[PDB]
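Peer 1: For reference, this is model.cif, and it has mmCIF, C-alpha atoms and all ligand atoms.
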```cif
data_protein
#
loop_
_atom_site.label_atom_id
_atom_site.label_comp_id
_atom_site.auth_asym_id
_atom_site.auth_seq_id
_atom_site.Cartn_x
_atom_site.Cartn_y
_atom_site.Cartn_z
CA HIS A 1 -37.84 34.88 178.26
CA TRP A 2 -35.46 33.04 175.92
CA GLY A 3 -31.74 33.04 176.74
CA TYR A 4 -28.70 30.79 176.79
CA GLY A 5 -29.16 28.98 180.10
CA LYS A 6 -30.06 25.35 180.78
CA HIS A 7 -33.78 26.16 181.11
CA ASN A 8 -34.25 28.78 178.32
CA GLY A 9 -31.36 28.17 175.93
CA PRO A 10 -31.12 26.90 172.35
CA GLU A 11 -32.64 23.49 173.03
CA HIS A 12 -35.79 25.19 174.32
CA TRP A 13 -36.26 27.85 171.64
CA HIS A 14 -38.33 25.68 169.29
CA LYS A 15 -41.27 25.72 171.73
CA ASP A 16 -41.81 29.50 171.20
CA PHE A 17 -40.21 29.66 167.73
CA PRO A 18 -40.97 26.41 165.88
CA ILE A 19 -38.89 27.53 162.87
CA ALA A 20 -35.95 26.52 165.12
CA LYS A 21 -36.31 23.06 163.52
CA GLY A 22 -36.65 24.58 160.00
CA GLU A 23 -34.85 23.77 156.81
CA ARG A 24 -32.51 26.79 156.76
CA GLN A 25 -31.36 27.38 160.34
CA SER A 26 -28.10 29.01 161.38
CA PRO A 27 -25.37 28.75 162.38
CA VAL A 28 -23.85 25.70 160.67
CA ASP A 29 -20.54 23.97 160.59
CA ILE A 30 -18.65 25.07 157.51
CA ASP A 31 -17.06 21.92 156.06
CA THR A 32 -14.32 23.57 154.08
CA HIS A 33 -13.88 20.42 151.90
CA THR A 34 -17.43 20.09 150.74
CA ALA A 35 -17.92 23.84 150.24
CA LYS A 36 -18.17 24.54 146.50
CA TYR A 37 -15.79 27.09 145.01
CA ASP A 38 -18.03 29.21 142.78
CA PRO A 39 -15.93 31.24 140.26
CA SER A 40 -19.12 33.12 139.34
CA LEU A 41 -19.39 34.79 142.79
CA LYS A 42 -18.37 38.40 142.93
CA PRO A 43 -15.91 40.05 145.33
CA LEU A 44 -17.80 41.39 148.25
CA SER A 45 -18.23 45.16 148.12
CA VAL A 46 -18.04 46.58 151.69
CA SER A 47 -18.56 50.38 151.52
CA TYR A 48 -18.35 51.62 155.10
CA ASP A 49 -16.70 55.07 154.53
CA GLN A 50 -19.77 57.09 155.48
CA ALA A 51 -20.96 54.87 158.32
CA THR A 52 -22.57 56.73 161.21
CA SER A 53 -22.64 54.82 164.45
CA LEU A 54 -25.16 56.19 166.97
CA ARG A 55 -25.43 54.17 170.19
CA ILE A 56 -24.27 51.02 171.98
CA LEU A 57 -26.60 48.97 174.20
CA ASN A 58 -26.80 45.82 176.28
CA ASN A 59 -30.01 44.07 175.26
CA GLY A 60 -29.67 41.11 177.61
CA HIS A 61 -28.31 38.73 174.93
CA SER A 62 -25.37 40.66 173.47
CA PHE A 63 -24.23 44.21 173.14
CA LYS A 64 -25.12 45.98 169.92
CA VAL A 65 -23.83 49.09 168.15
CA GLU A 66 -26.55 50.72 166.15
CA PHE A 67 -26.01 52.80 163.05
CA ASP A 68 -27.87 55.52 161.24
CA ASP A 69 -29.41 53.47 158.47
CA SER A 70 -31.82 56.15 157.29
CA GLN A 71 -29.65 56.95 154.25
CA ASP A 72 -27.42 54.86 151.95
CA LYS A 73 -24.24 55.30 154.13
CA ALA A 74 -22.56 51.85 154.90
CA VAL A 75 -23.63 49.32 152.33
CA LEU A 76 -22.83 45.74 151.43
CA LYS A 77 -23.32 44.50 147.90
CA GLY A 78 -21.77 42.12 145.38
CA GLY A 79 -20.69 38.68 146.45
CA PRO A 80 -23.76 36.40 146.35
CA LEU A 81 -26.13 39.27 146.80
CA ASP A 82 -28.61 40.85 144.40
CA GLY A 83 -29.17 44.52 145.05
CA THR A 84 -27.94 46.63 148.02
CA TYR A 85 -27.93 45.94 151.76
CA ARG A 86 -27.54 48.64 154.40
CA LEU A 87 -25.65 48.23 157.68
CA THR A 88 -27.96 48.67 160.66
CA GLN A 89 -26.04 47.22 163.62
CA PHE A 90 -23.27 44.89 164.72
CA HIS A 91 -23.03 42.66 167.76
CA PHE A 92 -20.96 39.71 168.95
CA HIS A 93 -21.31 36.21 170.36
CA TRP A 94 -18.61 34.91 172.64
CA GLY A 95 -17.64 32.23 175.12
CA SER A 96 -16.86 31.71 178.79
CA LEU A 97 -13.36 30.71 177.72
CA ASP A 98 -11.26 31.08 174.57
CA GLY A 99 -11.97 27.64 173.06
CA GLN A 100 -15.61 28.46 172.35
CA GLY A 101 -17.85 31.38 171.55
CA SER A 102 -18.41 31.42 167.83
CA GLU A 103 -21.72 30.34 166.32
CA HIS A 104 -20.39 29.15 162.96
CA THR A 105 -17.65 26.60 163.15
CA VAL A 106 -15.02 25.76 160.51
CA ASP A 107 -14.31 22.01 160.15
CA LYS A 108 -15.78 21.83 163.72
CA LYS A 109 -13.35 24.44 165.02
CA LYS A 110 -14.88 26.95 167.41
CA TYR A 111 -13.47 30.43 167.63
CA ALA A 112 -13.43 32.66 170.74
CA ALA A 113 -16.11 34.92 169.41
CA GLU A 114 -17.99 35.91 166.27
CA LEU A 115 -18.87 39.40 165.02
CA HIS A 116 -22.13 39.88 163.08
CA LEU A 117 -22.42 42.96 160.91
CA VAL A 118 -26.13 43.03 160.05
CA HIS A 119 -27.45 44.57 156.87
CA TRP A 120 -30.95 44.79 155.38
CA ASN A 121 -31.99 44.62 151.74
CA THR A 122 -32.92 48.14 150.66
CA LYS A 123 -35.72 46.81 148.49
CA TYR A 124 -37.69 46.23 151.73
CA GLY A 125 -37.32 49.75 153.03
CA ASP A 126 -36.19 49.02 156.57
CA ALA A 127 -34.76 46.35 158.86
CA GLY A 128 -37.97 45.01 160.45
CA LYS A 129 -39.81 44.51 157.21
CA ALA A 130 -36.67 43.02 155.68
CA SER A 131 -36.51 40.44 158.48
CA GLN A 132 -39.85 39.10 157.23
CA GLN A 133 -38.44 38.26 153.78
CA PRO A 134 -36.42 35.26 152.61
CA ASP A 135 -33.64 37.55 151.20
CA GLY A 136 -34.21 40.32 153.76
CA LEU A 137 -30.86 40.39 155.56
CA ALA A 138 -27.19 39.82 154.82
CA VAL A 139 -25.04 39.14 157.87
CA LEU A 140 -21.29 39.42 157.49
CA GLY A 141 -19.79 37.03 160.04
CA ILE A 142 -16.21 37.44 161.21
CA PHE A 143 -14.46 35.05 163.58
CA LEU A 144 -12.37 36.32 166.50
CA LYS A 145 -9.33 34.41 167.70
CA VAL A 146 -7.37 35.41 170.80
CA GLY A 147 -3.86 36.62 170.14
CA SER A 148 -2.70 40.12 169.35
CA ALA A 149 -5.11 42.99 170.00
CA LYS A 150 -7.39 44.49 167.32
CA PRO A 151 -6.74 48.27 167.64
CA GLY A 152 -10.07 49.07 165.95
CA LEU A 153 -12.00 47.14 168.60
CA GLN A 154 -10.62 49.10 171.51
CA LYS A 155 -13.11 51.97 171.38
CA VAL A 156 -15.91 49.38 171.82
CA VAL A 157 -14.15 47.46 174.63
CA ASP A 158 -13.47 50.62 176.54
CA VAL A 159 -17.16 51.65 176.85
CA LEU A 160 -18.52 48.27 177.91
CA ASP A 161 -18.19 49.14 181.64
CA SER A 162 -20.91 51.76 181.00
CA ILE A 163 -23.44 49.21 179.70
CA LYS A 164 -22.84 46.37 182.12
CA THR A 165 -26.45 45.24 182.62
CA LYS A 166 -29.43 44.55 180.44
CA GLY A 167 -31.11 47.71 179.30
CA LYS A 168 -28.17 50.10 179.63
CA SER A 169 -27.09 52.10 176.61
CA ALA A 170 -24.78 55.01 175.71
CA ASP A 171 -24.11 57.35 172.83
CA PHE A 172 -21.48 55.84 170.58
CA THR A 173 -20.60 58.03 167.64
CA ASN A 174 -17.75 58.04 165.14
CA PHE A 175 -17.05 54.34 165.49
CA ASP A 176 -15.51 53.07 162.23
CA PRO A 177 -16.52 49.44 161.59
CA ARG A 178 -13.78 49.20 158.97
CA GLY A 179 -11.44 48.67 161.91
CA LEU A 180 -13.11 45.29 162.68
CA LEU A 181 -12.39 43.66 159.27
CA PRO A 182 -9.54 41.22 158.45
CA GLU A 183 -7.29 41.83 155.45
CA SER A 184 -9.06 39.37 153.13
CA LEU A 185 -12.70 39.43 152.07
CA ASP A 186 -12.61 35.78 150.92
CA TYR A 187 -15.80 34.18 152.22
CA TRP A 188 -18.20 31.31 152.47
CA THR A 189 -21.89 31.92 151.86
CA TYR A 190 -25.10 29.98 152.40
CA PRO A 191 -28.81 30.72 153.02
CA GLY A 192 -29.82 30.67 156.66
CA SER A 193 -31.50 32.31 159.58
CA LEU A 194 -31.26 34.60 162.53
CA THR A 195 -29.25 32.73 165.19
CA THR A 196 -31.45 33.93 168.03
CA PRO A 197 -35.24 34.05 168.40
CA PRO A 198 -37.24 34.78 166.38
CA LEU A 199 -34.97 32.57 164.18
CA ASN A 200 -36.48 33.90 160.97
CA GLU A 201 -35.11 32.30 157.78
CA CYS A 202 -34.25 35.67 156.27
CA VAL A 203 -30.43 35.74 156.17
CA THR A 204 -27.88 35.36 153.43
CA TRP A 205 -24.82 34.49 155.48
CA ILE A 206 -21.41 35.67 154.31
CA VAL A 207 -18.75 34.31 156.67
CA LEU A 208 -15.19 35.55 156.15
CA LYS A 209 -12.44 32.96 155.94
CA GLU A 210 -9.85 35.04 157.79
CA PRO A 211 -10.45 35.60 161.51
CA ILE A 212 -9.46 38.79 163.23
CA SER A 213 -7.22 38.53 166.22
CA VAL A 214 -8.25 40.22 169.46
CA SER A 215 -6.35 40.21 172.73
CA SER A 216 -7.21 38.26 175.86
CA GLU A 217 -7.78 41.63 177.61
CA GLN A 218 -10.28 42.67 174.92
CA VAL A 219 -12.37 39.51 175.12
CA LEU A 220 -12.13 39.54 178.94
CA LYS A 221 -14.06 42.80 178.86
CA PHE A 222 -16.86 41.18 176.84
CA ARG A 223 -17.10 38.57 179.61
CA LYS A 224 -17.68 41.24 182.33
CA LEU A 225 -21.06 42.11 180.84
CA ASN A 226 -24.19 40.72 182.50
CA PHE A 227 -27.22 39.08 181.02
CA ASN A 228 -29.33 40.28 183.94
CA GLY A 229 -30.77 43.76 184.61
CA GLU A 230 -29.31 45.84 187.46
CA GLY A 231 -30.93 44.53 190.66
CA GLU A 232 -31.37 40.87 189.50
CA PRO A 233 -28.91 37.93 190.31
CA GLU A 234 -25.64 38.32 188.51
CA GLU A 235 -25.17 36.04 185.49
CA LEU A 236 -22.16 36.97 183.38
CA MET A 237 -22.97 37.40 179.71
CA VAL A 238 -20.92 34.48 178.32
CA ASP A 239 -21.69 31.57 176.01
CA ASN A 240 -24.28 33.60 174.12
CA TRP A 241 -23.89 31.40 171.02
CA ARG A 242 -26.24 28.93 169.33
CA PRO A 243 -24.57 25.65 168.35
CA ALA A 244 -24.31 24.47 164.75
CA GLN A 245 -27.61 23.38 163.25
CA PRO A 246 -28.24 20.72 160.57
CA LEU A 247 -27.22 21.83 157.09
CA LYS A 248 -30.16 19.89 155.58
CA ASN A 249 -30.22 20.24 151.79
CA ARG A 250 -28.03 23.35 151.66
CA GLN A 251 -24.78 24.01 149.87
CA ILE A 252 -22.11 26.29 151.22
CA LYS A 253 -20.32 28.16 148.45
CA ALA A 254 -16.76 29.53 148.64
CA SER A 255 -15.53 32.67 146.89
CA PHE A 256 -12.01 31.23 146.83
CA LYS A 257 -9.67 28.27 146.31
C1 LIG A 301 -36.85 29.64 184.46
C2 LIG A 301 -37.99 29.25 183.54
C3 LIG A 301 -38.00 29.87 182.11
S1 LIG A 301 -39.65 30.23 181.27
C4 LIG A 301 -39.24 30.14 179.55
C5 LIG A 301 -38.67 29.03 179.05
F1 LIG A 301 -38.45 27.93 179.77
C6 LIG A 301 -38.35 28.92 177.74
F2 LIG A 301 -37.79 27.73 177.46
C7 LIG A 301 -38.62 29.98 176.84
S2 LIG A 301 -38.07 29.89 175.09
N1 LIG A 301 -38.92 28.61 174.14
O1 LIG A 301 -38.42 31.09 174.27
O2 LIG A 301 -36.63 29.49 175.33
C8 LIG A 301 -39.21 31.16 177.38
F3 LIG A 301 -39.54 32.24 176.63
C9 LIG A 301 -39.48 31.21 178.76
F4 LIG A 301 -40.05 32.25 179.30
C1 LIG A 302 -35.63 40.87 163.48
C2 LIG A 302 -34.13 41.07 163.18
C3 LIG A 302 -33.72 41.88 164.37
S1 LIG A 302 -33.35 40.45 165.39
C4 LIG A 302 -31.77 39.72 165.01
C5 LIG A 302 -30.76 40.30 164.29
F1 LIG A 302 -30.87 41.54 163.84
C6 LIG A 302 -29.63 39.58 163.97
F2 LIG A 302 -28.71 40.25 163.32
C7 LIG A 302 -29.40 38.32 164.46
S2 LIG A 302 -27.92 37.32 164.05
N1 LIG A 302 -27.33 36.83 165.48
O1 LIG A 302 -28.45 36.25 163.27
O2 LIG A 302 -27.01 38.21 163.42
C8 LIG A 302 -30.42 37.74 165.20
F3 LIG A 302 -30.30 36.50 165.64
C9 LIG A 302 -31.61 38.44 165.45
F4 LIG A 302 -32.57 37.77 166.10
ZN ZN A 303 -25.52 37.42 165.86
#
```
Re-express the file's structure as C-alpha cells.

Peer 2:
Amino acid sequence: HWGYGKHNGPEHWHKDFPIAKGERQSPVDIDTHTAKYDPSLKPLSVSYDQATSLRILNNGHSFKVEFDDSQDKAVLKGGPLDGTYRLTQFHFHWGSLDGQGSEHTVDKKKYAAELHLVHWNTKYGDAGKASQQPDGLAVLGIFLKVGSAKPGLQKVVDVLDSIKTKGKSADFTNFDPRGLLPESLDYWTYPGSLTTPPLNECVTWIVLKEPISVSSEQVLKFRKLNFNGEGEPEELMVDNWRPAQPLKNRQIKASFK
C-alpha cells in the first residue's frame, strides 16, 4: 500500500501511478512574484449555508469529513471555474512539527497544515466520474499556521479521539465548514492533480492567500491519529504531505494585487 514512509512514500508512488511524473502534478510552490494577477478572474463564490456534513473517518492517510452531496447544497463557483462544483468532503495534511505539513508552499514557506475542501463539477454527475475528467474537481486549499485557536475547528478536533486508527469512523452532523475559512477569499489558481494516489490530473486548484490560525493544542490532536489499523504497530499520522512538484509549463494566476 502507498503511504508517506521511506519505503512507500511520495518518491515511490510513480511505480504504481506513473502520472506522478506528469505535466500537471500537485502540489507546487507558489512563487508569489511570478504569479500573474488576472483582473478577469471572478471573486470566488463559496455557498456553504446548506451544507450537510454526515460522517468523519480515518482512512489511513488523513481524516475526512464527508458531506451529503446528493443535492446542490454547498457549492463553489466563480473564480476561475466554469459551471458549478459541489462540496463532497474535506480533509487535512499536516506535519510532525509546526514548521512543515502543508503541501503547497508559498515562496518556499511551509505551513503547519493544509485544509482541502474538495468539490466535483456537477456536469459529471458525481465525484468518482468527475475525478476521471481534466476539469472534474476544484479543491479549495487553505493553509493553517499555529497561533490563536480557530473556534470553528474545535468540533472536529474534539472527535478525533474516536477515530484514532485506520478504518474508524463516526457520525458527524451539523458541522459548518464556513467556520474553517479565513476572512479573505483572495486566491491563487492553477491546473493540477490529486496530491495522493491515484494522482489524477483532474483538479483546478484554488489556494487562498490568507492562512487560518489554529492553536498548538488543535494541531497536536491531529498528530495523535495513527496511520495504522488497531492491532498493527503504532505509526502516528504525521507528515502526510506530498512535497512540491515541478511546475512545468504552468502559470499560477492571482485574483489579487
Ligand atoms: C514495506 C514494503 C512496501 S510494498 C509497496 C511499496 F513499496 C510501494 F512503494 C507502493 S506505491 N508505488 O504505491 O508507493 C505500494 F503500493 C506498496 F505496496
Ligand atoms: C478519486 C478522488 C477521490 S481521491 C482524492 C481526493 F478526493 C482528493 F481530494 C485529494 S487532494 N489531497 O488532492 O485534495 C486526493 F489526493 C485524492 F486522491
Ligand atoms: Zn488533500

Peer 1: Return the single residue from A:198, A:43, A:192, A:231 that is closest to ligand LIG 301 (chain A), with distances computed using only C-alpha atoms and all ligand atoms.

Peer 2: A:198

Peer 1: Can you tell me, as JSON, the centre and edge lengths (Å, one decimal) of the axis-aligned box enclosing all of ligand LIG 301 (chain A)'s listed atoms after padding each side by 4 Å?

Peer 2:
```
{"center_x": -38.3, "center_y": 30.0, "center_z": 179.3, "size_x": 11.4, "size_y": 12.5, "size_z": 18.3}
```

Peer 1: One number please: CA of residue 186 in chain A to atom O1 of ligand LIG 302 (chain A), in Å, one decimal.

Peer 2: 20.1 Å

Peer 1: From the options A:201, A:158, A:23, A:103, which residue's atoms come nearest to residue 217 in chain A, counting all atoms listed in the file?

Peer 2: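 The closest residue to residue 217 in chain A is A:158.
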
Peer 1: For a quick check of understanding, using all atoms listed in the file, which of A:85, A:172, A:190, A:222 has the smallest distance to residue 63 in chain A?

Peer 2: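 Answer, going by the shortest atom-to-atom distance: A:222.
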
Peer 1: So what do you get for CA of residue 89 in chain A versus CA of residue 117 in chain A, distance-wise?

Peer 2: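 Taking CA of residue 89 in chain A and CA of residue 117 in chain A, their separation equals 6.2 Å.
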
Peer 1: Some atoms are absent from range 172-185 of chain A, so rebuild N, CA, C and O atoms and return them as a PDB file, in the coordinates of the input.

Peer 2:
```pdb
ATOM      1  N   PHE A 172     -22.652  56.520 171.081  1.00  0.00           N
ATOM      2  CA  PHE A 172     -21.480  55.840 170.580  1.00  0.00           C
ATOM      3  C   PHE A 172     -21.295  56.273 169.144  1.00  0.00           C
ATOM      4  O   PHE A 172     -21.632  55.527 168.228  1.00  0.00           O
ATOM      5  N   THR A 173     -20.761  57.492 168.961  1.00  0.00           N
ATOM      6  CA  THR A 173     -20.600  58.030 167.640  1.00  0.00           C
ATOM      7  C   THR A 173     -19.174  57.899 167.119  1.00  0.00           C
ATOM      8  O   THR A 173     -18.218  57.632 167.872  1.00  0.00           O
ATOM      9  N   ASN A 174     -19.043  58.016 165.796  1.00  0.00           N
ATOM     10  CA  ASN A 174     -17.750  58.040 165.140  1.00  0.00           C
ATOM     11  C   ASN A 174     -17.009  56.709 165.307  1.00  0.00           C
ATOM     12  O   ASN A 174     -15.774  56.722 165.182  1.00  0.00           O
ATOM     13  N   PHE A 175     -17.727  55.597 165.533  1.00  0.00           N
ATOM     14  CA  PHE A 175     -17.050  54.340 165.490  1.00  0.00           C
ATOM     15  C   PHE A 175     -16.936  53.795 164.056  1.00  0.00           C
ATOM     16  O   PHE A 175     -17.986  53.709 163.387  1.00  0.00           O
ATOM     17  N   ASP A 176     -15.702  53.519 163.599  1.00  0.00           N
ATOM     18  CA  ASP A 176     -15.510  53.070 162.230  1.00  0.00           C
ATOM     19  C   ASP A 176     -15.497  51.554 162.151  1.00  0.00           C
ATOM     20  O   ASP A 176     -14.543  50.907 162.574  1.00  0.00           O
ATOM     21  N   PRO A 177     -16.540  50.906 161.607  1.00  0.00           N
ATOM     22  CA  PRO A 177     -16.520  49.440 161.590  1.00  0.00           C
ATOM     23  C   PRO A 177     -15.527  48.858 160.619  1.00  0.00           C
ATOM     24  O   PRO A 177     -15.288  47.655 160.682  1.00  0.00           O
ATOM     25  N   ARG A 178     -14.883  49.695 159.796  1.00  0.00           N
ATOM     26  CA  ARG A 178     -13.780  49.200 158.970  1.00  0.00           C
ATOM     27  C   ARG A 178     -12.648  48.655 159.833  1.00  0.00           C
ATOM     28  O   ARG A 178     -11.888  47.806 159.389  1.00  0.00           O
ATOM     29  N   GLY A 179     -12.537  49.134 161.075  1.00  0.00           N
ATOM     30  CA  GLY A 179     -11.440  48.670 161.910  1.00  0.00           C
ATOM     31  C   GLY A 179     -11.697  47.296 162.523  1.00  0.00           C
ATOM     32  O   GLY A 179     -10.848  46.816 163.289  1.00  0.00           O
ATOM     33  N   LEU A 180     -12.827  46.642 162.176  1.00  0.00           N
ATOM     34  CA  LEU A 180     -13.110  45.290 162.680  1.00  0.00           C
ATOM     35  C   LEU A 180     -12.938  44.232 161.593  1.00  0.00           C
ATOM     36  O   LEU A 180     -13.178  43.074 161.876  1.00  0.00           O
ATOM     37  N   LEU A 181     -12.496  44.594 160.385  1.00  0.00           N
ATOM     38  CA  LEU A 181     -12.390  43.660 159.270  1.00  0.00           C
ATOM     39  C   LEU A 181     -10.976  43.087 159.176  1.00  0.00           C
ATOM     40  O   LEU A 181      -9.978  43.771 159.403  1.00  0.00           O
ATOM     41  N   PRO A 182     -10.847  41.815 158.737  1.00  0.00           N
ATOM     42  CA  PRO A 182      -9.540  41.220 158.450  1.00  0.00           C
ATOM     43  C   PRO A 182      -9.042  41.745 157.104  1.00  0.00           C
ATOM     44  O   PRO A 182      -9.759  42.472 156.415  1.00  0.00           O
ATOM     45  N   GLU A 183      -7.833  41.343 156.710  1.00  0.00           N
ATOM     46  CA  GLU A 183      -7.290  41.830 155.450  1.00  0.00           C
ATOM     47  C   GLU A 183      -8.125  41.317 154.282  1.00  0.00           C
ATOM     48  O   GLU A 183      -8.434  42.055 153.379  1.00  0.00           O
ATOM     49  N   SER A 184      -8.429  40.004 154.261  1.00  0.00           N
ATOM     50  CA  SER A 184      -9.060  39.370 153.130  1.00  0.00           C
ATOM     51  C   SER A 184     -10.579  39.411 153.251  1.00  0.00           C
ATOM     52  O   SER A 184     -11.112  39.249 154.363  1.00  0.00           O
ATOM     53  N   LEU A 185     -11.240  39.540 152.099  1.00  0.00           N
ATOM     54  CA  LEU A 185     -12.700  39.430 152.070  1.00  0.00           C
ATOM     55  C   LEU A 185     -13.083  38.117 151.380  1.00  0.00           C
ATOM     56  O   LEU A 185     -14.233  37.944 150.990  1.00  0.00           O
TER      57      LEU A 185
END
```
